[PDB]
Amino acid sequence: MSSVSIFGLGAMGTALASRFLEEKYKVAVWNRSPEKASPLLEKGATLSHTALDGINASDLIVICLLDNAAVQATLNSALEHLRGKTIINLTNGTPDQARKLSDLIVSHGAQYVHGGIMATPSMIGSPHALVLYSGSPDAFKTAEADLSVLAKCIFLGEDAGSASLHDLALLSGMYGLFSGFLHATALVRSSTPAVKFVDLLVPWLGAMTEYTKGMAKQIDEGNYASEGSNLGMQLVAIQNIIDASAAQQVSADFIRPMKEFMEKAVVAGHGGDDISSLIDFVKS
């Protein structure tokens, strides 16, 4: 009685398909390279030999492809067969790509929800997974029970591009954290095992992640008066990081953006302010 049709059997699409199968859904699967379907067919999925077969397999279509060019190309042949269906697009893309694809899909008589998967494939089906959704509220509402098999759901509203905006912002936070981890580990690699260093680093990153909640407060209030850690002193520290990196033949490129934004803010009069003040200098 419960059915879904999946497009994309990469790492993530495979994990989606596997989870629906585990929960005894009727699951159709489609992939450009159809041999990625075999492990799923053995577990009870039906192969969509063509994209149109996948469109006709269910009124709930879940797409998870590399990029939204692949999504458009895959659907293009079948756009006249989308009437009445719900498209859940989990492909990473920009807000604008989701808004334009939403317009196209809605013009063909279907409804569109975009989703940003904040999880790795192994996390699918666990309480640690979260998917951010936006687009059709009606379609999300009627599909929510099915989507909750994959992950916790947060619905962000009717703008089809809001899920990808929030996804890409969360990923940009991640990439900053990973940039810092790689820089830090590279600096100590010749001295300390990385596993030994992360016993220092992880608690420290936790403490600095806590310093962010109040930074968000300062940002929402426009109040950057230093609480003890001024930018002049921080620019010296950053230059010491740059210089120590060079001495060890480690690249300091990860921290040069921060130095440049901090220098701009200091030129503008923030040498005695906190780092939240940089929010006004990250434009352009």
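In this text, residue numbers run from 1 along the sequence as written.
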{"item": "Higher-B stretch (mean Cα B-factor, as the entry records it), 137 to 145 or 85 to 93", "value": "137 to 145"}
{"item": "Greater mean Cα temperature factor according to the PDB record, 10 to 18 or 258 to 266", "value": "258 to 266"}
{"item": "Given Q72, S172, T192, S164, the residue at which the Cα B factor reaches its maximum", "value": "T192"}
{"item": "Residue with maximal Cα B-factor (values as given in the PDB entry) among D243, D253, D67, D220", "value": "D220"}
{"item": "B-factor third for the C-alpha atom of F178 within its chain", "value": "lowest"}
{"item": "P203, C-alpha B-factor rank within chain (lowest, middle or highest third)", "value": "middle"}
{"item": "Chain third (lowest, middle, highest) by recorded CA B-factor, residue given as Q234", "value": "lowest"}
{"item": "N31 - which third its CA temperature factor falls in, relative to the rest of the chain", "value": "lowest"}
{"item": "Modelled-residue ranking by C-alpha temperature factor, third containing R99", "value": "middle"}
